[PDB]
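Enquirer: PDB entry and its sequence, pasted below:
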Amino acid sequence: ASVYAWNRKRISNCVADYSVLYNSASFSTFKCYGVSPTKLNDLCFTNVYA
Amino acid sequence: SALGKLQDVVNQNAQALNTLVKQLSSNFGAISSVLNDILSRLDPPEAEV
């Protein structure tokens, strides 16, 4: 989507492996706030929005 | 009410303890009042703050 009309995807009721994304060589930016990127797989959330 | 003088002492101390316990639920500016939640989410460089 264009940034003025950004696209929101709701994620729920699933297993979230964030190491697949974090340990990827294909991303130039991966900045986490309020949470450490290496502790994400130890956490549970009530919802994730992408 | 005859023994109010003794009951007041009990009430004041019980109240002080209850207040002290309740303060553990305050964030004081932190993301969470729960120490374990901070430690489970953040690494030391940020957790310590």
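Expert: Received, thanks. Numbering: from 1, shown residues only, chains lettered A, B, ... in the order given.

Enquirer: for residue A:49, grab phi and psi.
Expert: Residue A:49 adopts backbone torsions of phi -110, psi 130, taken as degrees, to the nearest 10.

Enquirer: these two touch, right, it and residue A:12?
Expert: No - using Cβ atoms under 8 Å, residue A:49 is not in contact with residue A:12; the gap is 9.8 Å. For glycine as for every other residue, the C-beta is placed from the backbone atoms N, C-alpha and C.

Enquirer: show me which residues of chain B are close to chain A?
Expert: Listed as neighbours of chain A in chain B under the rule Cβ under 8 Å from any Cβ of the partner chain: B:31, B:40, B:41, B:42, B:43, B:46.

Enquirer: pull out the buried residues from those.
Expert: For these, a neighbour count by 16 or more other Cβ atoms under 10 Å in any protein chain shown gives the buried set as B:41, B:42.

Enquirer: JSON lines for the residues of chain B next to chain A, including secondary structure?
Expert: Below are the residues of chain B next to chain A laid out as JSON lines (DSSP: H, G, I helix; E, B strand; the rest coil):
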{"residue": "B:31", "secondary structure": "coil"}
{"residue": "B:40", "secondary structure": "helix"}
{"residue": "B:41", "secondary structure": "helix"}
{"residue": "B:42", "secondary structure": "coil"}
{"residue": "B:43", "secondary structure": "coil"}
{"residue": "B:46", "secondary structure": "helix"}
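
Enquirer: which members of the residues of chain B next to chain A are the farthest-apart pair?
Expert: Largest separation among the residues of chain B next to chain A by Cβ to Cβ: B:31 and B:43, giving 13.6 Å.

Enquirer: and residue A:41, that one's in a helix?
Expert: Yes - with three-state DSSP as the criterion, residue A:41 is assigned to a helix.
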